[PDB]
Amino acid sequence: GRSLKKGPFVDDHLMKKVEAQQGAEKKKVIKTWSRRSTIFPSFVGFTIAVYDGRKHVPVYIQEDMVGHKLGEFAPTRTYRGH
Amino acid sequence: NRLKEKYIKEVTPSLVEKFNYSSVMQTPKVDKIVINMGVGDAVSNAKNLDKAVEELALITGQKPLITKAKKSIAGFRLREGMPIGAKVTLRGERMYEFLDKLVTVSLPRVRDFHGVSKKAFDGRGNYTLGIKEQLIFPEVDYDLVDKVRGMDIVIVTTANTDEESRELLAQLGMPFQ
Amino acid sequence: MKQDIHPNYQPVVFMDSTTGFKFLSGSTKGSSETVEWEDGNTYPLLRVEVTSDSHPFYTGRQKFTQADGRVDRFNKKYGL
Amino acid sequence: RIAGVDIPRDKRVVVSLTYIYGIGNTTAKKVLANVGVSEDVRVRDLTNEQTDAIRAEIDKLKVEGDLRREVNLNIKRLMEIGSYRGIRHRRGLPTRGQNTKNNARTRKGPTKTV
RNA sequence: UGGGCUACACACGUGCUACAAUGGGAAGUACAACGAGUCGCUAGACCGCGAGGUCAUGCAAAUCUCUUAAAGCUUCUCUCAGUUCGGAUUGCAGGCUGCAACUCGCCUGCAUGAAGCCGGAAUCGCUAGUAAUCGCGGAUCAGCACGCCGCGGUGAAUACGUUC
RNA sequence: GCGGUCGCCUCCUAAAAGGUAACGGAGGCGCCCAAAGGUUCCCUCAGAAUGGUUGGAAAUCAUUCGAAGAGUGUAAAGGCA
Ligand SMILES: [K+]
Ligand SMILES: [K+]
Ligand SMILES: [K+]
Ligand SMILES: [K+]
Ligand SMILES: [K+]
Ligand SMILES: [K+]
Ligand SMILES: [K+]
Ligand SMILES: [Mg+2]
Ligand SMILES: [Mg+2]
Ligand SMILES: [Mg+2]
Ligand SMILES: [Mg+2]
Ligand SMILES: [Mg+2]
Ligand SMILES: [Mg+2]
Ligand SMILES: [Mg+2]
Ligand SMILES: [Mg+2]
Ligand SMILES: [Mg+2]
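*Asks:* With reference to specific residues and values, describe the packing of aromatic side chains.
*Replies:* By the definition in use, this model includes 13 aromatic pairs over all chains. Ring geometry for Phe-21 of chain C and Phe-23 of chain C: centres 6.0 Å apart, planes at 35°, overall tilted. Residue classification places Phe-21 of chain C among the partly exposed positions, given a relative accessible area of 31%. Classification of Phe-23 of chain C as buried rests on a relative accessible area of 4%. Among the aromatic residues, those joined into a ring-pair cluster are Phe-40 and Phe-43 of chain A together with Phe-74 and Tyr-78 of chain C.

*Asks:* Provide a residue-level description of the protein's contact with RNA strand E, including the pertinent values.
*Replies:* Around RNA strand E, the structure places 63 residues, and the nearest of them are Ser-3 and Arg-36 of chain A together with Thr-27, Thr-95 and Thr-106 of chain D. The sugar-phosphate backbone supplies 72% of the atoms of RNA strand E found within 4 Å of the protein. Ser-3 of chain A places a side-chain nitrogen or oxygen 2.3 Å from a phosphate oxygen of RNA strand E. At 2.4 Å, a side-chain N or O of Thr-27 of chain D approaches a phosphate oxygen of RNA strand E. Among the secondary structure elements, those contributing two or more residues to the surface near RNA strand E are α2 (70–77) of chain C together with α2 (25–35), α4 (64–81), α5 (84–91) and α6 (105–108) of chain D. Among the residues forming the surface near RNA strand E, the class breakdown is 18 nonpolar, 22 polar and 23 charged.

Thresholds, definitions, all that
Residues numbered from 1 in each chain as written, not as in the entry; some residues may be left out. Chains lettered and ligands numbered in written order. Part of a larger assembly, values for the part shown. Heavy atoms only, no water. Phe/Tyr/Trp six-rings, centres within 6.5 Å; stacked < 30°, edge-to-face > 60°. Buried < 20%, exposed > 50% of the residue type's maximum accessible area, 1.4 Å probe, protein only. Near = heavy atom within 4 Å. Polar contact = N/O pair within 3.5 Å; in protein donor to acceptor, adjacent residues only side chain to side chain. Helix = DSSP H or I, 4+ residues; strand = E, 2+ residues; numbered from the N terminus. Nonpolar A, V, L, I, M, F, W, Y, C, P; charged D, E, K, R; others polar.

Shown next, in the form of structure tokens:
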């Protein structure tokens, strides 16, 4: 995996977006294309609309999801069986 | 005999205090232990029933009663009376010794053991513990066994309520979850 | 109790080899080894791995870290 | 025997131990080295002292039922958060990026010619 | 910018690993060739179980490095077991490259331990340093090959004959 | 004529004794058991609820409820705890 020295990754613009909303009793959807961004503890309680290629699927970030990339919750392919 | 001494000396006064019993006779006691090995596989092969009987006999120290299908069934295939299942009845000293072994050795040897159920009471103060797998008893020898089988151990007591039964069994030693 | 049908049943002392706690009960199993006992008697000795005096559930004492929340895991992994 | 699993009595101690869930060759060698037991001795010939030391060393580890519970808990957590990994676990598809057009038998099951 | 070309009830091509004892594991010891290298090949030392990391050294090279090759040979162990075979799958923890490894890289460690007991009809390559087998290097290439190109090590059986 | 039936047992018809017909309404029999007979002793069921490993509606086990709702070789009626 990613080297420890590098530390966790999150797109700076997305991190700024969450920072601006840290002090919000009622948070608002955070729209992003940055699937690569990791889920930090500060992300909990937010709802991030991750672009899946054609639409922004909302993902509610619970504290259990930290450590995972955002795209892990926005499947890019749709398959309903043959 | 050690468990009997525990019951007579420490358990009895404590139960009397807790349940405000006018007379010592009201103290619940473990009347009997019926250990039943349900063997429906006997129909497919009787040797399985024979080995189950042998194992249960080794566990209990007594020859089991080989029960028979009291009714005829289609999917279980006994023109009434075929020998499916066995049981043993323990009372007195043998019962107390077996219960002591159960609490102190056999149960600890259960794989990933996290106690025993606490809703497994009949509602009249009689408990029943379902052993999934044998080999927890040291007598089984863990190699003569070819098919792992379980059992149902029914502890029948004189308690009138599951509360009293649970108290009695806990005091006698029962790893309730 | 009927004679000659039941398995041989003799007294026996068993020990939790982990802690050495021993005590007496009856069993159909025997051993090529024996030991003395209180009250001044000798019984066959049965070795056991675990008993109520050593099993973790009986003792209550755990043996692991009880897991760690994922937020704590993240902070520990990345020194945050 | 050691962890509630009757290790083969006639195998060398390392091989016998490997039968314990959560113990591999390296782990068995490590525990034997720590205890001070030669690896070539068959388990049947182990003395009670050796067996007790081995039991203590193993108990120091997480093995068998607890290990299975932990791994299953991780998989269940993935499923319940509903990640891509969780969905792969749910539908029995490869979870580590393997191609599924062919192969993937280990997860899919035996081929259904239909 | 993101996703897809990496999908997946299935069908078919080409390969790799296997199904074991002519073998697995452990330890010791020997013999190549073709090629590549400047911000690249990197010595030696130290750290780390390993992937690798740090310091640092020679070399634009018959000079230094990749590069002490693997099969091989000498001992020890294992004893026919779906196993000390197998290495799929999965969990955890890591190393790199890159701004970035979820879709969707490779590699390492611990754990796990899948089908598989030599394969129906049918079908393929090969007449000698060939097949089989064993490694080594290179191109593309930040990183990513069981594929391709090339190199050498060991190294056989068979050909009566042209009816089909 | 063709079809059906012909002997014996049970019920309804059958009109509260008995008996009573129809090509009236329903079923059985042409055996079985060496115990499924006699006696002495002993025992009481069917299901339901709850609890319990394989085991599921339902196999075996335990407790309570349970007067017959079972069983009585073989049809029915009567009778039998
Ligand atoms: K894929
Ligand atoms: K294929
Ligand atoms: K291939
Ligand atoms: K060998
Ligand atoms: K990737
Ligand atoms: K083949
Ligand atoms: K490369
Ligand atoms: Mg193992
Ligand atoms: Mg891939
Ligand atoms: Mg694009
Ligand atoms: Mg393509
Ligand atoms: Mg084989
Ligand atoms: Mg030719
Ligand atoms: Mg009349
Ligand atoms: Mg009249
Ligand atoms: Mg009769």
